[PDB]
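Let's start with one chain on its own, the form deposited in one PDB entry, as structure tokens.
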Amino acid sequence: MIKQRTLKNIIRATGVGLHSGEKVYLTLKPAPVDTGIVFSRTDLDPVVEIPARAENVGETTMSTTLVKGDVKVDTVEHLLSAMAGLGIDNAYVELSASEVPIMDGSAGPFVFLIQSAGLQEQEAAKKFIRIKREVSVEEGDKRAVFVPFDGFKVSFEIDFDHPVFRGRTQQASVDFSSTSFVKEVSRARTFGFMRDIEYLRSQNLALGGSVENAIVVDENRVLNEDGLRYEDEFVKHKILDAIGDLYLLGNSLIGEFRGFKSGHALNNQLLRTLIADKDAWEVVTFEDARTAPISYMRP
């Protein structure tokens, strides 16, 4: 049987918001079966809880933001990508501020902290959303698609229109039947271009962004003295973002995602279109893990 998973132990981390630059304390806690992933603003009295679900996404400018009335949890995509990669169904995420800490810009620190704490299998069937029909959303030259697939596969393609790529459209495919999320995706850091500094300053964004927690590009130069973690780090980070954004479905996917310049906004529009088109998907469980089209690492 493929079982639901939670954390075996609590995880505690400190860091800064990429966008806010605020110091934030993070605690991940075990949760019961069918809780899903629930963010808690514990700096507020009373505490404000926001389920990590597509319907609670409020802003998708330069991150995925959860919103309940006036309350936000910004930049959830990198932590949710870690939780999706390791198959965590149920957890409370407590935050002392409005934004998940950026850590090193990747999902690496989160997968390491989680795998250090360990996972706990729970006595309940893991529920999957199985893609049964093709579902496409487009806006301009941006496109995001779900395709039926017996497994979980992500493709991303983007023409960054930026000199640092030396005129090359970036493309990557990962199939979690062979690709290690941990080894091949989790280390891919977020990035910023020095040419967007005017605009980011003007939206009060990326206040915590530096070479410490991101790839920083200035025209031709990667400013980071120690360089890239992957030849294709930039596009592997878009795949990491897409895995986090897709986890707002609230259950792991059986299917394929293809992204064409898609961002947080179009990723969320795809989830909403999918959820509305009930002909395109069904909830499935696997009573026997041996015949399932996906597997997870030992807990």
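In this text, the rigid core denotes the largest set of C-alpha atoms whose superposition between the two forms falls within 1.5 Å. Residues carry their position along the shown sequence, with the first being 1. Shifts are known only where both forms have a C-alpha.
The same protein has a further form, the form deposited in another entry, not shown here; the description that follows concerns it.
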Quiz item: After aligning the rigid core, which of 229, 142, 130, 162 is the one whose Cα travels 2 Å or more between this form and the one not shown?
Solution: 162
Quiz item: Does the C-alpha of residue 197 move 2 Å or more between this form and the one not shown once the rigid core is lined up?
Solution: yes
Quiz item: Do residue 181 and residue 167 move together or apart in that other deposited form, judged by C-alpha distance changing 3 Å or more?
Solution: closer
Practice problem: Regarding residue 167 and residue 155, go with closer or farther for their CA spacing in that other deposited form versus this form, the difference being 3 Å or more. | Solution: closer
Exercise. After the core superposition, state the residue ranges of at least 3 consecutive residues in which each CA shifts by 2 Å or more between this form and the one not shown.
Key: 161-164, 166-169, 197-199, 201-205
